[PDB]
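J.: One structure follows; several queries about it will come next.
2 protein chains.
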Amino acid sequence: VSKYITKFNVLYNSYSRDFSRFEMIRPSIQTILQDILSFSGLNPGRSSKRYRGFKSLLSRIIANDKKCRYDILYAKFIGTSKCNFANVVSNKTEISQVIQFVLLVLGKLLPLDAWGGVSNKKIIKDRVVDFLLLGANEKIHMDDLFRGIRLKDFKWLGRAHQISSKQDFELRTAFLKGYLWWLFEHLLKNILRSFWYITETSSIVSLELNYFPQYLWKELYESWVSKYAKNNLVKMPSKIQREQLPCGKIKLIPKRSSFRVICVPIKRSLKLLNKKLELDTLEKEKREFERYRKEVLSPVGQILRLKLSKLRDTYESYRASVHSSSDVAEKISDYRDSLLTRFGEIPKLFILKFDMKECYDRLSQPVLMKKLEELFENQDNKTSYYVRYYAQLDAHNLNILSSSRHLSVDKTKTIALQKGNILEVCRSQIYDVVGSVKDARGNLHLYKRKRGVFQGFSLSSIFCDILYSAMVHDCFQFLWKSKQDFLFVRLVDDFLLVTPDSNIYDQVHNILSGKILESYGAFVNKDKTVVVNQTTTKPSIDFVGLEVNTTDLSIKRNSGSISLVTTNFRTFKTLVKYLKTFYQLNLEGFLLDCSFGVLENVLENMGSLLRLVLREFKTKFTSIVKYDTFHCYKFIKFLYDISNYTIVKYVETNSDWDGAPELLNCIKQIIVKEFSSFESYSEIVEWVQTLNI
Amino acid sequence: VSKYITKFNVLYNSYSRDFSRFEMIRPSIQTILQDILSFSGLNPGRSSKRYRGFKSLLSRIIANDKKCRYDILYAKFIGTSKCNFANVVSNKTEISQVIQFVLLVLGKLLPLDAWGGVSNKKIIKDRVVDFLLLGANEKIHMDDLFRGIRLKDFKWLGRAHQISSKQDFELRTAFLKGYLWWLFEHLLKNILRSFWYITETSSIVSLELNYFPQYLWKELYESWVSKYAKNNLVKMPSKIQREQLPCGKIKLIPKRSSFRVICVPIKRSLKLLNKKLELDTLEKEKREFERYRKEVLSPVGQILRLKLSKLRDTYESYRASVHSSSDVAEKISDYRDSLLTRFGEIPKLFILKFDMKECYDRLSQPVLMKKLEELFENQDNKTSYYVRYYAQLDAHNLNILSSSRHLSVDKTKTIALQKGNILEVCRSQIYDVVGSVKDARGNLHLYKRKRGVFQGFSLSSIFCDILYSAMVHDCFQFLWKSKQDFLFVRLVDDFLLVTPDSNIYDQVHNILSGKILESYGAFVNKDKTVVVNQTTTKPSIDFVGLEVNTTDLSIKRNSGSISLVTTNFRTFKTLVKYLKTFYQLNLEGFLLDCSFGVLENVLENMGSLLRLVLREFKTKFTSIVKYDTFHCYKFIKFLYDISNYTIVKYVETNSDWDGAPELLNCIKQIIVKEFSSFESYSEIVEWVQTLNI
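Structure below.
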């Protein structure tokens, strides 16, 4: 009794396959029956004969499993294809093909009475098709799986063919839920991991999953690892598995045509992982890894962010290193307002956008270590920083004190670390980190970092932030001495320069042309550098999900945002709360800023966001209104809050009430258009037209 | 429709006095009886004989008033003293003398039956002694005044001497409530204004009042006005009282040995005030003045602050103009952190503290107008700024939209003003303001500004801020071009410079020596300028109520804060709410700063504030627990929030958890000491000792 149907049990399953043998149903009937019984909570006695029919049904299901030649079926329908090493992502079978094949195996596996009649057979098929199209661990409430399924057609649930007593119905329904649960959690998942290697995509926008066939995955994995190894990794002998070093598993996550190398730290020790489950020390090691995170890795990460924040408060040069796209827009919006105040109108702009190739991979570790020590260049080796982790004090309702009248798992205990220990931890995470590679036979093939640091370790993210901010400070030190009329900002490896001064623009470009940045682990992607310099007319330039208009600097976010939105939201109240949060989060000040005449653009930005959520609600409304009860008045209150939020934030982020009355009518016109057809929105149209300031 | 007992009716009453005649009770008995009846709400008929006893009592009281030689009584007990023009503040009679004399006149005026028996006579005397110690109009709710007064002893309230019927008790209580109100609002106020001129003191820390005798007041008033007139004012003819100009009364507020000139705007029109009470238009004029503030002065004031905020966000020079002592401390702490970050240890500091003589009085209006126009130097004469006043939108729960389902006097309507109109309003408030002077006979004596602007007008406070910030921006423009290692900050007329660079330090002082700043309305107090420059050893320098220690920049607030604290708080819930706000507001980071070894100092600073509020609560507890009900658990909730606030703010304003466990125990030990005696605090001691992190 916890969650429901989740997909991470299917992710990242790699096994060499002998299709000649494969059995979908490996465990014994009694063990499978016990698992179904455990899920259903049923505890029958020794003399119960109800599940005799179920036991017979499984035997046929297993019987089809034994007499299925899976190798020919996969090759005949999906087909065996030669590996395409140039484009890794093309090797995956498309989700349309995946659906047609999983149904085929089930059709040969399950006889008609297993499906529970013809009518429920089609209903189950629709549910399976829905399941394959989940996404980022998108788990579905089980009660939607059973909705619409006729209990009568499942004649094997009990000895009687007629449901007569109150107890008879309850047992059949309870057992049926487990049987459906076993079909999806155990049978379907086993099938999915027996044909494909299921991996998450690298896109933070698209949460779709990629189904790489297992035989193709090994060829893809070997080619990319070998190519990556010769440029970033050094192979190590078998003797390195005998000491204490940080370690993690190496995985490949596709982009659009390439992979990204990541190293997920393991919850074990280097001396182990050979593997020996041992049943008991596997959890003690999990605590040992967890206790390492709680009072070593996390306090170091929190203190390092504390050290960086101290620099940010001091130097304006470090202030240019933001940490989100939202921060980038605000500085651009703030910089645009500076031009208007000082000049009246926005002058000509010289724009410079560039990025860094493989910032984590091409990183220079020896330089990083030197800058880490320069953070602590003043204090001695014995300083002893005392820190305690709380959710609101890293990079509200803060109840720290317990006492006997309030706040009565972990209890958050303070941690003390001194200067000498901290620096060695960084050295361990930079040089001593070891990655694991599995070959055809599954041997060691242990590798160590050659150039930079492994992605996915906790301190890796802050290490790049510390080093790159430091690089900007001294390489571009001319900018922050006798500063005048420029905007320089970086997120992680994406850099933007805006300035009306041509000569200063050349100086930054001169730095890019030179190899000065190559001293650090920064290498300029010369093939993806945009430029405006009074000769190319580019009114719109896209940087990081932002359409910034040249010569007015209005900022309009593109389609970089996504509604979650079906998963975890089935109630109207739950969906509304996310939608209200989602709308407010994405309705930022720069979109509503109307210092210029850009009010039509603001309406376009508001209209795109307002219509995205309202149309999303209607799409979910027709499917969840079947069982849930819709309260018209409460939805009206939700409409009032967001409309008020748009009005208040526009006024707050514009320093004037000019144009406020006109903004409200645009919101009202959108609402009436969307909600004029359905009769359930009869009150909504009447009420919305009265919204007045 | 009435609140309670208010004190502004007594402030600022000046009249030449002929004590030979004076009557405390000038109005007739019937009018006095009506005033009590109107306050009590009683509406007797023509044949009612209930109030016959009261009329007889007044005749004796008035008979004593005529048969009282008031001139000799003041001279024999308080005494007539020669005026001391050198020290103005010494002329006030101390409150100890004031209390002893007001009771004396009451004793000769009121016979025993007026006081309502022996038992109530002392109770009334205690209230009068309590009454004189008000403060900034800190007058007390009536229900506290009547509490404990025995109705039986007031035997003259009705013809019957025994209370028998339900109506008889109510009428006596209602009439007694009115009778008490007339004693304080009419008689006691008349006595206070017939012997002393009651004025607020100039200290923003101490809200104590000074009681200047009226006969001495005229001599003091004439001398200071004439000296001030010859340096800042031009007298005007009687013909100026015939047009529409802003106007206000002129009042003198002592400092330590001199006065500060203020001009309180009147709630009337210039064509009036001759004076003609007229009974009805005095309120129509009151609305007319109020409506001018709501949709003219305030929209101008809000928009003017908006323009300043635009400059503050843009220029670092304008950023130096903070608005509170809290901002000053934060900049010093931030600057101190900058010194540690860049140098390791805090280096030698060159400190410069100076102030401006008569900043508002010696202000230069013609220069002020030029900077006002430079605010609107870009836009044309027809811009039309739209503003709307909301409590959260000047220098949350913002429900702006009304609609037909929600939020259904004034309705807060938007105001539009153009460029030309706004500037003329500022000109009206600067040059056209006319002050009023009352002489011995009460004639015109009308004056207009010659040099600067009058204190106390709403736009005056922001006008100085606009000009002074503008003056800093260009006069010290060298500082904010090629900036390096300095801290410059001003509040209103107090300026501070801290820098380790000798060359930059001399340049600022060179400006002070020269007359460049004399172009504006700034005149440096050369006799009150502190300096540190490797030649003067000044470890401690006081700026604005802050003792900043040289060569470590630690900040320790002195006794500049005060609890309000009795006024507006009678409920336990109300008192707790102010105390929680007061503790959090005054517990600032610098008091909790433990960057140095000053951890014991932090505990003393925390202890001084913690004991200040807890002891204040106990003092109020014994008097308000009589009627209000004390909930121990709710008070514990108040204790938890402040203790949690101290812990979080100390950690936040120290970037470390060092000393946090010891700070909590210091708080715990203070609480047990304060609340160990009273039995009602039995739960408090048990709970506090369990307070743990």
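Chains as they are written, first to last, in the authors' numbering: chain A, 155 to 549, 565 to 577, 583 to 867; chain B, 155 to 549, 565 to 577, 583 to 867. We put the CB at the ideal spot given by N, CA and C, even for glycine.
1. So, does the stretch 505-512 of chain B touch the stretch 667-681 of chain B, judging by three or more C-beta pairs under 8 Å?
2. Taking only three categories from DSSP, how would you classify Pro367 (chain B)?
3. Between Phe770 (chain B) and the rest of its own chain, which residues show a CB-CB distance below 8 Å, the 5 nearest in sequence each way excluded?
4. Quick one: what's got a C-beta closer than 8 Å to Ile500 (chain B)'s C-beta in the same chain, skipping five residues either side?
5. Distance, Cα to Cα, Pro453 (chain B) vs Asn364 (chain A)?
6. State the DSSP-derived secondary structure class of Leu433 (chain B), mapped to helix, strand or coil.
7. With 8 Å set as the bound, which would you pick, yes or no: does the beta-carbon of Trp654 (chain A) sit closer than that to a beta-carbon of chain B?
8. In this structure, how does DSSP classify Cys638 (chain B) when only helix, strand and coil are distinguished?
9. How would you call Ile352 (chain A), buried or exposed, if buried means at least 16 neighbouring beta carbons within 10 angstroms?
10. From the DSSP output, which residues share a beta bridge with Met390 (chain A)?
11. Assign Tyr158 (chain B) to one of two classes, buried (16 or more other C-beta atoms within 10 Å of its C-beta) or exposed (fewer than that).
12. Can you check whether the C-beta of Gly498 (chain B) is within less than 8 Å of a C-beta belonging to chain A?
13. Closer than 8 Å, Cβ to Cβ, to anything on chain A: give me those residues from the stretch 448-469 of chain B, in chain order.
14. Pop quiz: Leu597 (chain B) and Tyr539 (chain B) are said to be a contact at Cβ under 8 Å. What is the actual Cβ separation, rounded to whole angstroms?
15. Distance, Cα to Cα, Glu373 (chain A) vs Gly781 (chain A)?
16. What are the partner residues of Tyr540 (chain B), as DSSP defines its beta bridges?
17. Regarding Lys730 (chain B) and the ligand FMN, is the C-beta to nearest heavy atom distance less than 7 Å?
18. Take the Cβ of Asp648 (chain A) as the centre, count every other Cβ of all protein chains shown within 10 Å, and call the residue buried at 16 or more, exposed below.
19. Using a Cβ-Cβ cutoff of 8 Å, what residues of the stretch 827-854 of chain A are near chain B? List them in chain order.
20. Kindly list the residues whose CB is nearer than 7 Å to the CB of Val718 (chain A), restricted to its own chain and excluding five residues on each side of it in sequence; keep chain order.
21. Give the residues of chain A in contact with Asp534 (chain B), contact being defined as C-beta atoms less than 7 Å apart.
22. Who are the neighbours of residue 581 (chain A) on chain B, taking C-beta pairs under 9 Å?
23. Using 10 angstroms around the beta-carbon of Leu576 (chain B), count the other beta-carbons present and answer buried if the total reaches 16, otherwise exposed.
24. Examine chain A for any beta-carbon lying closer than 8 Å to the beta-carbon of residue 891 (chain B), and answer yes or no.
25. If you check the beta carbons only, do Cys513 (chain A) and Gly695 (chain A) fall under 8 Å apart?
26. I'd like to confirm the pairing. Which residues does DSSP put opposite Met510 (chain A) in its beta bridges?
27. For the 8 Å Cβ check, are there 3 or more pairs between the stretch 168-187 of chain A and the stretch 335-348 of chain A?
28. What first and last residue would you give for the alpha helix (DSSP H) that runs through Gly763 (chain A)?
29. For the stretch 799-826 of chain B, enumerate the residues whose C-beta is nearer than 8 Å to any C-beta of chain A, in chain order.
30. Could you check the C-alpha separation between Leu620 (chain B) and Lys448 (chain B) for me, to the nearest Å?
31. For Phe662 (chain A) versus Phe650 (chain A), is the C-beta distance shorter than 8 Å?
32. For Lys279 (chain A), which residues in the same chain have their Cβ closer than 8 Å to its Cβ, ignoring the five residues on either side in sequence?
33. Could you give the C-beta distance for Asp802 (chain B) and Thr740 (chain B), rounded to a whole number, given that I count them as a contact under 8 Å?
34. In the stretch 329-358 of chain B, which residues sit with their C-beta less than 8 Å from some C-beta in chain A, listed in chain order?
35. Under the DSSP definition of a beta bridge, which residues are partnered with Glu528 (chain A)?
36. Of the residues B:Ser360, B:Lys209 and B:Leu749, which one's Cα is nearest the Cα of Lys409 (chain B)?
T.: Short version:
1. yes
2. As a first step, residue 367 (chain B) must be located in the second sequence, where it is residue number 213. In this structure, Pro367 (chain B) counts as strand in the three-state DSSP scheme.
3. Taking the first residue of the second sequence as 1, we reach residue 770 (chain B) at position 596. Taken in chain order, the residues that qualify are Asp726 and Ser728.
4. Within the second sequence, residue 500 (chain B) is the residue found at index 346, counting from 1. These residues qualify, in order along the chain: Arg490, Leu493, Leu494, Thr725, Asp726 and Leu727.
5. Locating residue 453 (chain B) in the second sequence gives position 299, counting from the first residue. Locating residue 364 (chain A) in the first sequence gives position 210, counting from the first residue. Approximately 60 Å between the Cα atoms of the pair.
6. Against the second sequence, residue 433 (chain B) aligns to sequence position 279. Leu433 (chain B) falls in the coil class under three-state DSSP.
7. Residue 654 (chain A) sits at position 480 when you count from the first residue of the first sequence. Cβ-Cβ to chain B under 8 Å: no for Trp654 (chain A).
8. On the second sequence, residue 638 (chain B) is found 464 positions in, with the first residue counted as 1. If DSSP states are grouped into helix, strand and coil, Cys638 (chain B) belongs with the helices.
9. Looking up residue 352 (chain A) in the first sequence gives position 198. Per the 10 Å Cβ criterion, buried.
10. Locating residue 390 (chain A) in the first sequence gives position 236, counting from the first residue. Answer is A:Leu620.
11. By one-based count along the second sequence, residue 158 (chain B) stands at place 4. That one is exposed.
12. Here residue 498 (chain B) corresponds to residue number 344 of the second sequence, with the count starting at 1. Chain A, which has a Cβ nearer than 8 Å to the Cβ of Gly498 (chain B), makes this yes.
13. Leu460, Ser463, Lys464, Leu465, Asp467 and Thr468
14. Walking along the second sequence from the start, residue 597 (chain B) turns up at place 423. Walking along the second sequence from the start, residue 539 (chain B) turns up at place 385. Your pair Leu597 (chain B) and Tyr539 (chain B) does not check out as a contact, with CB atoms roughly 12 Å apart and the cut at 8 Å.
15. Along the first sequence, read from residue 1 onward, the residue named residue 373 (chain A) stands at position 219. Along the first sequence, read from residue 1 onward, the residue named residue 781 (chain A) stands at position 607. Between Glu373 (chain A) and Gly781 (chain A), the alpha-carbon positions lie close to 48 Å from each other.
16. Against the second sequence, residue 540 (chain B) aligns to sequence position 386. Paired residues: B:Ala590.
17. Although the ligand FMN was asked about, the structure shown includes no ligands whatsoever.
18. Locating residue 648 (chain A) in the first sequence gives position 474, where the first residue counts as 1. Classification for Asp648 (chain A): exposed.
19. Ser829, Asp830, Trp831, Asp832, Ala834 and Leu838
20. Here residue 718 (chain A) refers to the residue found at position 544 when the first sequence is read from its first residue. Once the five neighbours on either side are set aside, the close Cβ partners of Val718 (chain A) are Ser479, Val482, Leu665 and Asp668.
21. Position 380 of the second sequence, counted from the first residue, corresponds to residue 534 (chain B). Within 7 Å Cβ-Cβ: nothing; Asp534 (chain B) doesn't reach chain A, min ~11 Å.
22. No coordinates exist for residue 581 (chain A); the numbering of chain A passes from 577 to 583 with nothing in between.
23. Residue numbering aside, residue 576 (chain B) sits at position 407 when the second sequence is read from its first letter. It is exposed - the Cβ of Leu576 (chain B) has fewer than 16 other Cβ atoms within 10 Å.
24. Coverage of chain B is limited to positions 155 through 867, which leaves residue 891 (chain B) absent and any answer about it impossible.
25. Translated into positions along the first sequence, residue 513 (chain A) becomes position 359. Translated into positions along the first sequence, residue 695 (chain A) becomes position 521. In this structure, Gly695 (chain A) lies closer than 8 Å to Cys513 (chain A) by Cβ.
26. For this step, residue 510 (chain A) is matched to residue 356 along the first sequence. Beta-bridge analysis with DSSP links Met510 (chain A) to A:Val698.
27. yes
28. Here residue 763 (chain A) corresponds to residue number 589 of the first sequence, with the count starting at 1. Here the alpha helix (DSSP H) through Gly763 (chain A) covers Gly763 to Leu766.
29. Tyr807, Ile810, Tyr814, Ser817, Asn818, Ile821, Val822, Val825 and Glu826
30. Mapped onto the second sequence, residue 620 (chain B) falls at position 446. Mapped onto the second sequence, residue 448 (chain B) falls at position 294. Looking at the two C-alpha atoms, the distance is approximately 27 Å.
31. The count along the first sequence starts at 1 and reaches residue 662 (chain A) at position 488. The count along the first sequence starts at 1 and reaches residue 650 (chain A) at position 476. Result yes, Cβ atoms of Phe662 (chain A) and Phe650 (chain A) sit closer than 8 Å.
32. Locating residue 279 (chain A) in the first sequence gives position 125, counting from the first residue. Result list for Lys279 (chain A): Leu257, in chain order.
33. In the second sequence, the residue the question calls residue 802 (chain B) occupies position 628. In the second sequence, the residue the question calls residue 740 (chain B) occupies position 566. Here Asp802 (chain B) is actually not in contact with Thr740 (chain B); their C-beta atoms are around 14 Å apart, not less than 8 Å.
34. Listed by position along the chain: nothing, the set is empty.
35. Indexing the first sequence from 1 puts residue 528 (chain A) at position 374. DSSP lists no bridge partner for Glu528 (chain A).
36. Your numbering for residue 409 (chain B) matches position 255 in the second sequence. Out of B:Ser360, B:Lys209 and B:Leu749, B:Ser360 has the C-alpha closest to the C-alpha of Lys409 (chain B).
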